[PDB]
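Peer 1: Can you read through this structure? Questions will come right after.
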Amino acid sequence: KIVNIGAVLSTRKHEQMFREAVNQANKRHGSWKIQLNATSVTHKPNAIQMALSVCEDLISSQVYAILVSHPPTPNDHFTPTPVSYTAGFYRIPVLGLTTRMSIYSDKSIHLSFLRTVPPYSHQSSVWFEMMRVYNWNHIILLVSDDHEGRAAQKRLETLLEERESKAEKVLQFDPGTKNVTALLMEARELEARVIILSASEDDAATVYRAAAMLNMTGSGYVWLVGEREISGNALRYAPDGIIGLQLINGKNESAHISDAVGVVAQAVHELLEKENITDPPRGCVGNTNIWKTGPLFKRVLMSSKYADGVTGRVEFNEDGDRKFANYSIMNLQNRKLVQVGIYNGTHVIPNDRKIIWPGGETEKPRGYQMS
Amino acid sequence: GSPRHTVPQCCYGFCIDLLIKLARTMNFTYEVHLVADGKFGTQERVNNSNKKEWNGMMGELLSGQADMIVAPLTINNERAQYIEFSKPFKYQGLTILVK
Amino acid sequence: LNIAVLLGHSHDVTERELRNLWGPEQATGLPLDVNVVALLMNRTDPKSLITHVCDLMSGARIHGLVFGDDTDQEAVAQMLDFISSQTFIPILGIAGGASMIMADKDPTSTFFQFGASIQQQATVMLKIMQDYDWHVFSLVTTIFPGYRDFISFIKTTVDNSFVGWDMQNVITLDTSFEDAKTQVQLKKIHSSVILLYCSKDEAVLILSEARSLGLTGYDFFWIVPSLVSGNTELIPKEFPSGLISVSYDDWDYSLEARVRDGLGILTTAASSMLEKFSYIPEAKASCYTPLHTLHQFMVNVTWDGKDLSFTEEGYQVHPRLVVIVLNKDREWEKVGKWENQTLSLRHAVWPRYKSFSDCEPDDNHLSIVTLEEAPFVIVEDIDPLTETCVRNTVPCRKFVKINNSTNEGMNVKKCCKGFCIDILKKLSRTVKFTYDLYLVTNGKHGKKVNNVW
Amino acid sequence: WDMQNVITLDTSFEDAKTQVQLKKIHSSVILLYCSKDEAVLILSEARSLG
Amino acid sequence: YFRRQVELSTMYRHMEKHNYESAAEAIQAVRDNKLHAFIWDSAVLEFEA
Ligand SMILES: *[C@@H]1O[C@H](CO)[C@@H](O[C@@H]2O[C@H](CO)[C@@H](O)[C@H](O)[C@H]2NC(C)=O)[C@H](O)[C@H]1NC(C)=O
Ligand SMILES: *[C@@H]1O[C@H](CO)[C@@H](O)[C@H](O)[C@H]1NC(C)=O
Ligand SMILES: *[C@@H]1O[C@H](CO)[C@@H](O)[C@H](O)[C@H]1NC(C)=O
Ligand SMILES: *[C@@H]1O[C@H](CO)[C@@H](O)[C@H](O)[C@H]1NC(C)=O
Ligand SMILES: *[C@@H]1O[C@H](CO)[C@@H](O)[C@H](O)[C@H]1NC(C)=O
Ligand SMILES: *[C@@H]1O[C@H](CO)[C@@H](O)[C@H](O)[C@H]1NC(C)=O
Ligand SMILES: *[C@@H]1O[C@H](CO)[C@@H](O)[C@H](O)[C@H]1NC(C)=O
Ligand SMILES: *[C@@H]1O[C@H](CO)[C@@H](O)[C@H](O)[C@H]1NC(C)=O
Ligand SMILES: *[C@@H]1O[C@H](CO)[C@@H](O)[C@H](O)[C@H]1NC(C)=O
Ligand SMILES: *[C@@H]1O[C@H](CO)[C@@H](O)[C@H](O)[C@H]1NC(C)=O
Ligand SMILES: *[C@@H]1O[C@H](CO)[C@@H](O)[C@H](O)[C@H]1NC(C)=O
Ligand SMILES: *[C@@H]1O[C@H](CO)[C@@H](O)[C@H](O)[C@H]1NC(C)=O
Ligand SMILES: *[C@@H]1O[C@H](CO)[C@@H](O)[C@H](O)[C@H]1NC(C)=O
Ligand SMILES: *[C@@H]1O[C@H](CO)[C@@H](O)[C@H](O)[C@H]1NC(C)=O
Ligand SMILES: *[C@@H]1O[C@H](CO)[C@@H](O)[C@H](O)[C@H]1NC(C)=O
């Protein structure tokens, strides 16, 4: 008659909204006598002591689903890794809520992890669509971050399988280096001029300074980046007219937490239809036996489709990701980010704004200077 | 024999005149270099990683160092799987040279 | 330095022989300080994996950690990789679930395993398929993760080999259940050799479908990776007697013989790092960021003559794989052993195991003997640049004796050509039979030598 | 007439040996002879066999 | 072209002991009878003959 739900959450003031959403979870779901029990833990500057505080609390508390979200960490790693590792030791679904690192897509590494925010690799899912819109058939892919950029390049090559075309030239290098103009000078001789970049901020400022000192930001040099390259000091050093993306309800954390609580609530009320309700035992004290219906409960969590909440139409794919997200296309109109189009699940819908390109006129630059 | 000896040189003959005819008809300039060995190009495994390689003119082509090979290029099935050809301009076979 | 070897196993092997594994070992001491601490444990919870690790790091700043296991839990290697990333301590995995392969490491992680990647095992399986000229095959993979990288590695391996791999398109499955369109995709298989990538729970359903769709025939082969064939005890009855898998869990190379090499790897790396940097002890103070590490240093190592080098991704250069089969006694035979870099096999005479289940009777395999003659049966070595009998030649075997003091010899696989070879190929086209060809080692054509032909 | 083997069908429900006999077929034209109650199951199996 | 054809591989196993790098050195080798035959493209041979 009780269901334990763990919370590994950033601030104390969002814990009140978390408990309110827990209270509203049993509100309209009938007179059934199930209970929802809450436990909230916060930031620690040391990473081992995070999992040390999480394990003997939540495993002995016998939680079924753990909601983990920590944006305001001054450490640039942004890793909720040890909580997910500890709960995946006994196959307990950690639902990531704010981090977007593409290392969590591999379920061979994170054995029982799910997430409700899309990672950066699915930004490539927009970019090929951009190639469908403005007649772009020859792109130049540049990847700085070798950690997740291999997966992004793999996703772009998967999206280029049906067209059976490739990029003109793909380039990768060390995250953190400075002398990066030798890549761009060999990228200067390329006939196409549509340039797509995937990087982090410490490399984004370097490649922006390199493109500024080589004067490779003028006419024809069409840029296309993601969310990492438009934040920090990279937005300050950004070349004018750059086209990036913005997450709708990506940084509004509390509404996404409430939507995740509604997701977990409908998943629990769907799982209570089935019998064989096993419990993950007190594995911290001696119990090496893992929970038996881990993949069963996870496969219940996979195909869950929704229509209510701030997210609303939230659905999980074969990788357990945010199906059909909404990205606002942002343009750098005189160092000011202006929304110049939206994107729902299947197609780019322009608004009535002016798309100021990084070169000259508002007409699209067909940047194919055939030699 | 020669580790590094590259001087400006005078190239002429048949295919050079063909290239001059193409640059006369189609509006483009050019910059002729030569290949860094004496091989046309074959399909040879490198030492490790279980990977094939093309050397020679296809080697400098597929590395991006060239864009158009104007040479006595023998048309076969193996090269046409990886690069596109045009229609031929001179037809030959194979024979023996004796004394 | 201080090095701890902790072993978590229910199969109770004692700890004092590890102390015996230190006295005569490292007799020529190149470091100025070698110290070992052996510990045993019967619990494998992460609470111990935090607490005892912090105790050993507070225990005189232990720089070397060696962990072994006997269970099937791969999340232990996921925990220890994070612990090695946080504590700056090189940690080695030995066996059990701790040696199970994880995909992507961290640059701040110094964790290493004794095991082979899915790409190296795919290379071994394709070498097996090349050595038997099994060029026509298919690929049946489920949605168990790592499958996209596996299919991509196969498709990159096909386009870079002198074999000419006939690749039927990759049949993938939606769920583990017997769906309609998945059954339609499985019925499209008309080839023989199938690379089956799945998990141990999925294999029972897939091979039950295979028996339900006739895919367990006497000509149909089945080659699977290591993760689906785990414990040697738990082998379900839904496996065909004739399944070939590859796994490095050798019964000869025990745990002590592997940790005897791992401690030598650690001491060799520390002693060679002492030749370049002075302050080898660099540890973390307490649980509650140096530069000179052994992560970027032990690219090659040669302990006891054996090559035990590592890769940039964090694997073994020379992993000791074993090619096992599933014989008619429902057991796993140590059939193939891995060579220097190449692969050797014991059964060059490939056994039938013609009935996978109890009742599969057929009569279409033929044993054919012949003899070397100059216009008819020209027998030559295989082409060493390609390792392939080219398509006018056919595979054959010859029992070439190594020495004549004993009767030992090797069934060397060679290439036949000439006139009768084309006759046998056209007969196999017309009559449509499966034939096995081998040279005779008794002698010439024939003579009744004292009522013995 | 280039003729393939005489594929017979004992039962369409056994789904093991008769399916192998159908897998032997790769020719274009097939003459079929059975009853009306069996042809639905035979062509339903041959549809999923391509 | 002689590697693909399965009935011309034997000459291949001869020519792997004798193949050269440039045409003119082979012309000079067969010119002073250091070689004895030379299989080549017909246009270059009909020019140099
Ligand atoms: C996204 O918004 C559009 C706005 O109309 C929806 O409509 C579809 O738009 C696509 C654009 O390629 C058309 O191909 C479809 O025919 C449109 N459908 C209809 C019936 O109008 C679209 O449904 C919205 N949602 C999705 C699926 O992303
Ligand atoms: C359930 O909720 C309370 C709220 O403070 C929490 O402290 C505790 O973990 C749980 N207590 C029970 C009744 O188990
Ligand atoms: C990068 O390297 C080139 C090498 O010539 C040098 O000219 C250039 O100044 C370097 N740029 C930076 C930013 O280091
Ligand atoms: C700026 O652009 C002009 C365009 O001609 C170029 O000449 C110049 O070299 C660029 N500046 C630098 C320092 O690269
Ligand atoms: C986040 O969404 C909730 C629900 O609509 C709303 O109450 C809150 O103001 C939003 N926060 C912002 C300003 O992003
Ligand atoms: C629970 O699991 C057992 C396993 O044998 C199964 O027999 C039983 O039907 C299951 N009960 C239900 C209805 O979930
Ligand atoms: C994305 O937009 C569509 C259309 O308004 C909506 O149905 C869906 O719920 C939105 N998803 C998010 C991010 O809330
Ligand atoms: C060109 O050829 C020879 C041999 O490779 C080399 O030593 C030298 O640099 C050059 N000599 C001539 C003949 O120009
Ligand atoms: C040919 O090329 C030149 C230089 O790019 C260009 O200015 C001119 O318009 C072209 N003229 C012809 C004859 O096509
Ligand atoms: C392998 O590398 C060595 C050293 O460069 C070279 O001598 C040898 O020819 C290479 N083998 C090939 C061509 O794979
Ligand atoms: C290992 O098992 C023994 C015997 O049951 C027990 O005394 C001990 O508590 C277990 N391990 C430890 C050190 O806790
Ligand atoms: C091992 O690596 C070193 C470089 O650190 C190399 O010089 C040496 O040749 C290698 N070992 C041997 C003996 O081959
Ligand atoms: C085979 O082992 C030898 C040492 O006996 C060494 O050359 C190399 O590691 C291996 N590779 C070769 C040459 O096959
Ligand atoms: C066979 O016997 C001969 C006797 O001289 C010996 O030289 C040879 O090594 C033996 N082994 C083989 C090749 O069978
Ligand atoms: C056995 O055979 C091998 C290879 O022919 C040879 O090297 C060796 O000397 C032989 N030994 C004897 C004593 O026959």
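Residue numbering: from 1, along the chain as shown.
Cβ atoms are placed via backbone N, Cα and C, with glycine included.
Just lifted these from Swiss-Prot, have a look:
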{"type": "DISULFID", "residues": "C:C54-C:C287", "note": "disulfide bond"}
{"type": "DISULFID", "residues": "C:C389-C:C415", "note": "disulfide bond"}
{"type": "DISULFID", "residues": "C:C396-C:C416", "note": "disulfide bond"}
{"type": "CARBOHYD", "residues": "C:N42", "note": "N-linked glycosylation site"}
{"type": "CARBOHYD", "residues": "C:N300", "note": "N-linked glycosylation site"}
{"type": "CARBOHYD", "residues": "C:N403", "note": "N-linked glycosylation site"}
{"type": "CARBOHYD", "residues": "C:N404", "note": "N-linked glycosylation site"}
Peer 1: Taking only C-alpha atoms and a 10 A limit, tell me which of C:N42, C:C287, C:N300, C:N404, C:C415 are near C:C396 (disulfide bond). These are the recorded positions.
Peer 2: C:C415
Peer 1: Any idea what the Cα distance is from C:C54 (disulfide bond) over to C:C389 (disulfide bond), rounded to a whole Å?
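Peer 2: C:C54 (disulfide bond) and C:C389 (disulfide bond) have their Cα atoms 59 Å apart.
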Peer 1: With CB distance below 8 Å as the criterion, list the recorded positions among C:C287, C:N300, C:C389, C:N404 that sit near chain A.
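Peer 2: So the ones by chain A are C:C287.
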Peer 1: For C:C287 (disulfide bond), what is the secondary structure state per DSSP, taken as helix, strand or coil?
Peer 2: coil
Peer 1: Looking at the recorded positions C:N42, C:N300, C:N403, C:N404, C:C416, whose Cα is closest in space to that of C:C389 (disulfide bond)?
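Peer 2: It is C:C416, whose Cα lies nearest.
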Peer 1: Which one, from the glycosylation sites C:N42, C:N300, C:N403, has the smallest tally of other C-beta atoms lying within 10 Å of its C-beta?
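Peer 2: Least crowded of the glycosylation sites C:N42, C:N300, C:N403, by Cβ count within 10 Å, is C:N403.
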Peer 1: Can you count the other CB atoms that lie within 10 A of the CB of C:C287 (disulfide bond)?
Peer 2: 18
Peer 1: Radius 10 Å, atoms counted are CB only; among the disulfide-bonded residues C:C54, C:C389, C:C396, C:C415, C:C416, which position scores highest?
Peer 2: C:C416
Peer 1: Let me check the 10 A CB neighbour count of C:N404 (N-linked glycosylation site). How many other CB atoms are there?
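Peer 2: Its Cβ shell of radius 10 Å holds 8 other Cβ atoms.
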Peer 1: To the nearest whole angstrom, what is the C-alpha distance linking C:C416 (disulfide bond) and C:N403 (N-linked glycosylation site)?
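Peer 2: The separation of the Cα atoms works out to 24 Å.
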Peer 1: When you rank C:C287, C:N300, C:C415 by Cα distance to C:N42 (N-linked glycosylation site), which of the recorded positions ends up on top as the closest?
Peer 2: C:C287
Peer 1: Can you tell me which of the recorded positions C:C287, C:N300, C:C415 is spatially closest to C:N404 (N-linked glycosylation site)? Compare CA atoms only.
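Peer 2: That would be C:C415, nearest by Cα distance.
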Peer 1: Can you see whether DSSP assigns C:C396 (disulfide bond) to helix, strand or coil?
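Peer 2: In the DSSP reduction, C:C396 (disulfide bond) maps to strand.
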Peer 1: Of the recorded positions C:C287, C:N300, C:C415, which one has its Cα closest to the Cα of C:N403 (N-linked glycosylation site)?
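Peer 2: Considering only the listed recorded positions, the nearest one is C:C415.
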